[PDB]
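The next block holds one structure in the form of structure tokens; read it before the comments.
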Amino acid sequence: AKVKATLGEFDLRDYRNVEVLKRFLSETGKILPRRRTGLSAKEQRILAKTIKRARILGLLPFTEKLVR
Amino acid sequence: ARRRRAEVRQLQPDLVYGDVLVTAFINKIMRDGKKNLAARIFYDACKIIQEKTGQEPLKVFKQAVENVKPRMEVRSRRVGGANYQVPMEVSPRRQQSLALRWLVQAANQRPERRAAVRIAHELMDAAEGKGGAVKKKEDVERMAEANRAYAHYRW
Amino acid sequence: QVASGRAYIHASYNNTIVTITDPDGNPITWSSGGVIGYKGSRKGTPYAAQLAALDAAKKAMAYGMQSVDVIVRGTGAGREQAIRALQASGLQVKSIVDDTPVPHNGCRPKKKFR
Amino acid sequence: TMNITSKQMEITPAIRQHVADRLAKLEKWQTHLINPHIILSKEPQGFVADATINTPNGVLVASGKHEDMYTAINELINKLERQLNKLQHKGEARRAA
RNA sequence: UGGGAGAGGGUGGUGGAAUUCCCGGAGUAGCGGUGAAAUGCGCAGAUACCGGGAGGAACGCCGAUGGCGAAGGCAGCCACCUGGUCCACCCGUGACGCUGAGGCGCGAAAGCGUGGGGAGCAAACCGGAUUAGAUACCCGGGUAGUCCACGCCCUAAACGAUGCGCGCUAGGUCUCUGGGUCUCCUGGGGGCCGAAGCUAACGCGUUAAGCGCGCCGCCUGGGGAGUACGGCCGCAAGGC
Ligand SMILES: [Mg+2]
Ligand SMILES: [Mg+2]
Ligand SMILES: [Mg+2]
Ligand SMILES: [Mg+2]
Ligand SMILES: [Mg+2]
Ligand SMILES: [Mg+2]
Ligand SMILES: [Mg+2]
Ligand SMILES: [Mg+2]
Ligand SMILES: [Mg+2]
Ligand SMILES: [Mg+2]
Ligand SMILES: [Mg+2]
Ligand SMILES: [Mg+2]
Ligand SMILES: [Mg+2]
Ligand SMILES: [Mg+2]
Ligand SMILES: [Mg+2]
Ligand SMILES: [Mg+2]
Ligand SMILES: [Mg+2]
Ligand SMILES: [Mg+2]
Ligand SMILES: [Mg+2]
Ligand SMILES: [Mg+2]
Ligand SMILES: [Mg+2]
Ligand SMILES: [Mg+2]
Ligand SMILES: [Mg+2]
Ligand SMILES: [Mg+2]
Ligand SMILES: [Mg+2]
Ligand SMILES: [Mg+2]
Ligand SMILES: [Mg+2]
Ligand SMILES: [Mg+2]
Ligand SMILES: [Mg+2]
Ligand SMILES: [Mg+2]
Ligand SMILES: [Mg+2]
Ligand SMILES: [Mg+2]
Ligand SMILES: [Mg+2]
Ligand SMILES: [Mg+2]
Ligand SMILES: [Mg+2]
Ligand SMILES: [Mg+2]
Ligand SMILES: [Mg+2]
Ligand SMILES: [Mg+2]
Ligand SMILES: [Mg+2]
Ligand SMILES: [Mg+2]
Ligand SMILES: [Mg+2]
Ligand SMILES: [Mg+2]
Ligand SMILES: [Mg+2]
Ligand SMILES: [Mg+2]
Ligand SMILES: [Mg+2]
Ligand SMILES: [Mg+2]
Ligand SMILES: [Mg+2]
Ligand SMILES: [Mg+2]
Ligand SMILES: [Mg+2]
Ligand SMILES: [Mg+2]
Ligand SMILES: [Mg+2]
Ligand SMILES: [Mg+2]
Ligand SMILES: [Mg+2]
Ligand SMILES: [Mg+2]
Ligand SMILES: [Mg+2]
Ligand SMILES: [Mg+2]
Ligand SMILES: [Mg+2]
């Protein structure tokens with residue numbers, strides 16, 4: 001169940017697409033590995049770099065409390 | 001030991017009660033291979049817990065066994081740099097063996113002179129609830145309850 | 001009195017301290033591996049934590065506490081046993097979250113974690 | 001107590017005492033020196049000095065050879081120190097984890 | 001000419017987590033720490049919890065067997081200034097090239113000078129343990145320093161213990177970054193395994209330690225010794 005599948009085409013730089021971006025974060029708000037997003041090395045860098053700006057603008061969390 | 005569990009010896013039933021546990025006690029009394037002596041010391045006591053108590057030796061005997069069976073014991077283990085007192089559950093084989101051992105032992109501390117008297121009177125106090133025989137069990141158990149903190153270090 | 005509140009578990013390699021608070025986070029009562037009677041490394045075991053959790057429920061329930069969201073901090077050994085004890089105590093335990101503090105590589109740690 | 005055996009040689013109470021003054025080094029560790037036994041002898045190459053000693057934590061057993069008799073005694077004590085000091089500190093290592 | 005990738009370098013900003021301290025609240029008999037402990041802290045109210053605040057330093061996930069640099073080294077995010085390098089067209093110059101004693105610049109940490117900063121950590125130091133003893137390892141404290149600016153110092157297991165350039169000698173595979181016509185084909189890096197061959201062996205092998213050419217540095221038994229004397233450099237330590 002890879003993340004890039006459950007998503008048609010999307011911009012890997014649109015730091016304001018909270019809806020798409022938020023899926024690339026684990027239930028603890030962390031940036032998911034490549035093994036879990038399916039982005040190649042080249043595209044995985046641009047995802048992370050835009051998650052980090054989205055966090056700075058406030059649209060994305062830096063960490064989430066783990067619930068059970 | 002180092003290759004397999006050695007098999008527990010079965011013991012022939014006796015001839016005064018035909019019980020396998022009355023025998024395993026007879027042995028624990030026996031010194032220097034004199035079983036004939038081991039019999040008449042035990043049996044004289046059976047007469048005793050009959051003379052002074054209108055009830056059944058074999059009833060008094062077995063109840064005293066279940067009165068000294070230590071449910072929990074400690075068994076040391078060196079964890080890290082300390083020999084902790086880990087609380088192990090006891091095997092009913094071992095419970096039997098310790099009860100039978102502690103009886104004669106707690107008996108052979110008593111004051112009265114002839115052995116058969118001490119064996120009845122200690123079974124006459126263990127079958128009831130008192131006696132130094134039961135004390136060993138109760139002590140050993142509280143030694144394990146007090147150290148249930150390490151009960152996870154078990155194997 | 002408060003029927004709902006928070007139960008906190010600070011679970012460390014040395015000890016497990018447990019404090020139950022109100023909905024506003026202010027402590028009602030607290031127990032710990034020392035409180036129930038242990039010293040030294042015994043204060044770290046699960047039985048240690050188990051007694052502290054139960055003495056903490058026993059304590060707060062005497063004030064009317066019924067419901068408690070559970071909050072857990074630290075990777076102590078007596079951790080998972082502390083949460084069981086809270087549930088098998090008779091407290092509505094409506095949640096478990098783990099607010100374990102991880103630094104994003106902040107202060108240099110002592111020599112014994114390097 | 002301390003026993004000394006000169007095998008196929010003669011020594012003196014003075015020489016025998018010097019052995020006792022030399023075993024006393026092992027008292028440094030403050031552990032029990034149970035029935036220590038010093039055997040002396042002469043090979044065609046020089047003296048042999050044997051020693052069996054048991055402690056609460058094990059036995060010490062070594063042999064020191066040399067031309068000089070007393071120099072063999074030191075080497076014997078040299079090897080006995082090492083075995084004793086190990087007996088006293090080996091169990092200290094595996095405390096962690 | 002037209003494109004790419006990147007923790008390359010510099011400057012100015014700014015984000016969130018955590019620790020410490022202070023403030024407010026709430027609460028009590030311990031907390032902390034270890035192999036087990038003790039010093040330490042705590043009824044003069046600690047720890048644990050919630051709120052408010054200050055401050056310094058480092059950037060979790062992504063993050064990798066990854067990327068960049070000539071080496072040392074470089075990791076939140078934004079912007080500016082700037083270097084190196086790869087690709088594709090095969091347009092321009094016309095052997096303009098390789099190496100490089102000296103020289104010059106750069107050069108982890110530690111250390112030094114002037115000034116600032118100081119949360120965490122921590123040489124020296126103090127105390128607790130451990131122990132036969134323990135000027136240590138472990139524990140509780142703690143000053144330089146660690147951080148910023150400027151100027152010095154110029155060392156290293158500064159390592160691939162493998163100088164640079166060019167040419168030539170099977171391939172299989174994994175990966176990064178491009179270009180095609182996108183199955184695959186080809187350039188430039190990062191590894192692994194292996195043809196020939198090399199090697200005392202271990203191992204190297206189109207990222208040579210193979211086959212060749214140019215140029216540089218260097219070695220010539222161990223210790224004495226990277227010492228002494230001299231000379232140059234340095235505030236000193238000490239460097240060559
Ligand atoms: Mg016996
Ligand atoms: Mg006994
Ligand atoms: Mg009683
Ligand atoms: Mg503890
Ligand atoms: Mg003698
Ligand atoms: Mg003789
Ligand atoms: Mg003689
Ligand atoms: Mg010596
Ligand atoms: Mg040795
Ligand atoms: Mg260009
Ligand atoms: Mg301080
Ligand atoms: Mg306060
Ligand atoms: Mg706070
Ligand atoms: Mg990592
Ligand atoms: Mg690398
Ligand atoms: Mg042309
Ligand atoms: Mg022309
Ligand atoms: Mg050049
Ligand atoms: Mg030069
Ligand atoms: Mg430098
Ligand atoms: Mg420095
Ligand atoms: Mg100084
Ligand atoms: Mg100074
Ligand atoms: Mg300075
Ligand atoms: Mg000065
Ligand atoms: Mg300070
Ligand atoms: Mg000290
Ligand atoms: Mg001391
Ligand atoms: Mg001294
Ligand atoms: Mg010390
Ligand atoms: Mg220290
Ligand atoms: Mg400190
Ligand atoms: Mg100083
Ligand atoms: Mg200074
Ligand atoms: Mg410095
Ligand atoms: Mg500087
Ligand atoms: Mg290296
Ligand atoms: Mg190189
Ligand atoms: Mg060199
Ligand atoms: Mg080199
Ligand atoms: Mg390719
Ligand atoms: Mg492509
Ligand atoms: Mg490179
Ligand atoms: Mg390649
Ligand atoms: Mg190879
Ligand atoms: Mg071959
Ligand atoms: Mg050759
Ligand atoms: Mg190849
Ligand atoms: Mg070819
Ligand atoms: Mg290469
Ligand atoms: Mg070679
Ligand atoms: Mg050169
Ligand atoms: Mg020489
Ligand atoms: Mg030097
Ligand atoms: Mg000089
Ligand atoms: Mg020098
Ligand atoms: Mg040099």
Side-chain angles (χ1 to χ4, degrees), chain A residues 15 21 24-37 39-65, chain B residues 78-82 84, chain C residues 2 5-23 25-44 52 55-56 59-60 63 69 71-74 82 99-114, chain D residues 25-31 55 81 84-85 87-89 91-97:
Chain A
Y15 47 98
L21 282 152
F24 298 93
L25 305 177
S26 57
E27 70 190 83
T28 180
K30 296 210 275 288
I31 305 178
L32 289 168
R34 279 189 58 192
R35 73 178 193 98
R36 290 271 304 101
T37 71
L39 282 69
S40 68
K42 159 176 189 53
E43 44 204 27
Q44 174 75 359
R45 300 196 291 276
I46 330 177
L47 165 75
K49 187 159 268 297
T50 55
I51 294 184
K52 294 171 183 181
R53 307 154 140 190
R55 275 148 160 188
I56 282 156
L57 277 178
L59 332 153
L60 282 186
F62 288 93
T63 164
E64 277 308 321
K65 276 153 172 157
Chain B
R78 215 168 89 85
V79 163
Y84 298 106
Chain C
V2 272
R6 297 192 182 91
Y8 287 87
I9 296 176
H10 186 274
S12 73
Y13 317 134
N14 274 320
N15 198 346
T16 309
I17 311 169
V18 156
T19 171
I20 315 188
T21 71
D22 43 56
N26 310 339
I28 300 302
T29 184
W30 69 275
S31 189
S32 57
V35 146
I36 37 86
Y38 284 134
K39 262 118 187 57
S41 67
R42 268 145 96 98
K43 284 185 297 178
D55 186 69
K59 268 167 165 63
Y63 289 34
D69 304 282
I71 304 192
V72 153
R73 297 198 172 98
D99 198 5
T100 271
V102 42
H104 300 356
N105 220 73
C107 302
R108 166 190 268 252
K110 301 184 57 146
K111 184 204 171 166
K112 72 159 136 114
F113 312 114
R114 299 192 46 247
Chain D
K25 280 178 139 192
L26 309 188
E27 302 174 1
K28 203 211 314 163
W29 282 263
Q30 302 166 8
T31 189
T55 62
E81 280 172 325
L84 176 54
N85 189 69
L87 295 197
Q88 303 301 83
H89 307 305
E92 291 170 38
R94 307 311 188 106
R95 286 188 191 169

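Chain naming here is simple, since letters A, B, ... match the order of the sequence lines and numbering starts at 1 in each.
- Pairing partner, E/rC218: none, since no Watson-Crick or wobble contact has both distances short of 3.5 Å.
- Taking the 5.5 Å centre cut-off and the 30° plane limit, the aromatic side chain of C/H10 is not classed as stacked on E/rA48.
- Between C/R42 and E/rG35 there is no side-chain N or O to OP1 or OP2 distance below 4.0 Å.
- Among the protein residues, C/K43 comes within range of the nucleic acid bases, having at least one heavy atom under 4.0 Å from a base atom.
- Pairing check for E/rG69 against E/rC166: the Watson-Crick or wobble criterion is not satisfied at the 3.5 Å limit.
- Within 4.0 Å of A/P61, counting heavy atoms only, lies no atom of the nucleic acid at all.
- Not one side-chain nitrogen or oxygen of A/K49 sits closer than 4.0 Å to the OP1 or OP2 atom of E/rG76.
- Of the listed nucleotides (E/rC62, E/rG76, E/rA29), E/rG76 has the atom at the smallest distance from the side chain of A/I56.
- Checking E/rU169 for Watson-Crick or G-U wobble geometry (two distances, each under 3.5 Å) identifies no partner in any strand.
- One donor-acceptor pair, N or O on each side, does fall under 3.5 Å between the base of E/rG25 and the side chain of C/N26.
- The partner of E/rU99, taking Watson-Crick or G-U wobble pairs whose two distances both stay under 3.5 Å, does not exist in any strand shown.
- Using a 4.0 Å heavy-atom cutoff across all strands shown, C/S32 reaches sugar-phosphate atoms only and no base atom.
- Of the candidate nucleotides E/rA29, E/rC59, E/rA119, E/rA119 has the atom nearest to the side chain of C/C107.
- Between E/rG178 and A/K42, a contact under 4.0 Å exists linking OP1 or OP2 to a side-chain N or O.
- Taking the side chain of C/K112 as heavy atoms from C-beta on, and the options E/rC139, E/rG60, E/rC49, the nearest nucleotide is E/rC139.
- Across all strands shown, E/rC91 forms no Watson-Crick or G-U wobble pair with both distances under 3.5 Å.
- Contact check, C/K39 against E/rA36: no side-chain N or O comes under 4.0 Å of OP1 or OP2.
- Residue C/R73 is classed as a sugar-phosphate contact, given heavy-atom separations below 4.0 Å to backbone atoms only.
- In E/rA208 the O4'-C1'-N dihedral to the base is within 90° of 0, which defines a syn nucleotide.
- Within the structure, every side-chain polar atom (N or O) of C/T29 is placed at least 4.0 Å from both OP1 and OP2 of E/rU28.
- In this model, a side-chain donor or acceptor of A/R55 finds a partner on the base of E/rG60 within 3.5 Å.
- Taking 90° from 0 as the syn/anti boundary, the base of E/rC77 is oriented anti.
- The phosphate of E/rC61 has neither OP1 nor OP2 within less than 4.0 Å of any side-chain N or O from A/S26.
- Under 4.0 angstrom from either OP1 or OP2 of E/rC31 there lies at least one side-chain N or O belonging to C/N15.
- A canonical Watson-Crick pair (purine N1 to pyrimidine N3 plus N6-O4 or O6-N4) or a G-U wobble (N1-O2 and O6-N3), each contact under 3.5 Å, is present between E/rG40 and E/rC31.
- A gap of 23 Å separates the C1' atoms of E/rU131 and E/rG141, to the nearest Å.
- Taking 3.5 Å as the limit, the base of E/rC176 and the side chain of A/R45 contain no donor-acceptor pair of atoms between them.
- Nucleotide E/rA64 carries a syn base; the chi torsion (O4'-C1'-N9-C4 or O4'-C1'-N1-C2) is within 90° of 0.
- Applying the Watson-Crick and G-U wobble criteria (two distances, each under 3.5 Å), E/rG51 pairs with E/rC23.
- E/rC184 and E/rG180 make up a base pair, with Watson-Crick or G-U wobble contacts both under 3.5 Å.
- Within the 4.0 angstrom heavy-atom criterion, only backbone atoms of the sugar-phosphate kind lie near C/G33; the bases stay farther away.
- Pairing of E/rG234, defined by two Watson-Crick or G-U wobble distances under 3.5 Å, is not identified with any nucleotide.
- In this structure, A/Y15 and A/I56 have side chains that are not in contact, with every pair of non-hydrogen atoms separated by 4.5 Å or more.
- Contacts of A/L47 with the nucleic acid, taken as non-hydrogen atoms under 4.0 Å apart, are absent.
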| query | Could you write nucleotides 126-137 of chain E as a row of B, S and -, 5' to 3', where a protein heavy atom under 4.0 Å of any base atom gives B, of only sugar-phosphate atoms gives S, and otherwise -? | reply | ----SSBB----

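- Residue A/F24 places its CZ atom among more than 12 non-hydrogen atoms of other residues, nucleotides or ligands, all under 6.0 Å distant.
- At the heavy-atom level, A/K52 lies under 4.0 Å from base atoms of the strands shown.
- Within 4.0 Å (heavy atoms only), D/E27 reaches no atom of the nucleic acid at all.
- The residues C/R6 and C/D69 are annotated as not salt-bridged, no charged nitrogen and carboxylate oxygen being separated by less than 4.0 angstrom.
- With a cut-off of 3.5 Å on both Watson-Crick or G-U wobble distances, the partner of E/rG111 is given as E/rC152.
- Contact annotation for C/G34: backbone-only contact, meaning every heavy-atom pair under 4.0 Å involves sugar-phosphate atoms and none involves a base.
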